[PDB]
Each structure stands twice: as C-alpha cells, then as structure tokens.
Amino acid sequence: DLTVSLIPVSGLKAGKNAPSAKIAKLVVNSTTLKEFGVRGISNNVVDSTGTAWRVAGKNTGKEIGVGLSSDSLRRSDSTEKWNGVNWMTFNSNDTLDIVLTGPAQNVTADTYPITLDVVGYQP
C-alpha cells in the first residue's frame, strides 16, 4: 500500500499572496509500490487531470485556486489512464507541493479545506 501525509504550511497570511505560494506538502511513501497517482477532489475541479481545483473558505465561502506547483507537475513520471480517467503519476517516496495557482491571489482570512485522492500505480 501507500502511507500518505498531507501537511498544511505554517504562517500563511491573509491578503495579497506571492504567486505560487506554498500551502501544503504532500508526502507519499511506500515499501511496495514504485509510483502513485493523485487528484484534487472538490466542488470545482478545473483541469482534465484534476491537478488544479478551487476550494471554498469555511467561514466566508470565498473561493481560492489551488493545485500542484509547476515544479511538482514537472516531476511527474507520466499521465496514465484508469478506465479512461487521467491520473498524473509520480515516484513514491517523494514529496509534492500544493500551491495557490495562477497569478497572485488576495486571500481572505479563513480556513480552507483541501482533499486529495492518491492511488498506487505499478508502471
């Protein structure tokens, strides 16, 4: 199987944020599987691989754009299909960054939930 940790970044501040500001670290380890696929899960996924999506603040309902960082995307081993559904794959025993996507975002102070689905892949 896989052991997955998703770690929120400390010290995030409301207001204008840097482009691609890091917001969480994804850690996927395995003793048995060489690779994994990952997709964001929300009410508004915005690309065909599910590696960028939008999430709503708990207290305000305001939306922010989140996703894998461009560096993280460039570490993908491949994009594979599971019965037709795209999953970008990555080496296990790696970390990836989840960021604020696109140009600089102005973020209202709030708590924003993020959900990912991770699946093992044998190449």
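What we label the rigid core is the largest C-alpha set whose atoms superpose within 1.5 Å from one form to the other. Residues carry their position along the shown sequence, with the first being 1.
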Review point. When the other structures are laid on this one by the rigid core, do the CA atoms of 68 to 76 or of 83 to 91 sit farther away in 7 other deposited structures of this protein?
Key: 83 to 91
Review point. Per the PDB record, is the mean Cα temperature factor higher over 30 to 38 or over 62 to 70?
Key: 30 to 38
Check your understanding: Which has the higher mean CA temperature factor in the PDB entry, 21 to 29 or 101 to 109?
Key -> 101 to 109
Point to revise | Third of the chain's Cα B-factor distribution that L96 belongs to, per the entry | key: middle
Point to revise | Assigned third (lowest, middle, highest) for the C-alpha B factor of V46 | key: highest
Review point. Among the modelled residues of its chain, does the C-alpha B-factor of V9 lie in the lowest, middle or highest third?
Key: highest
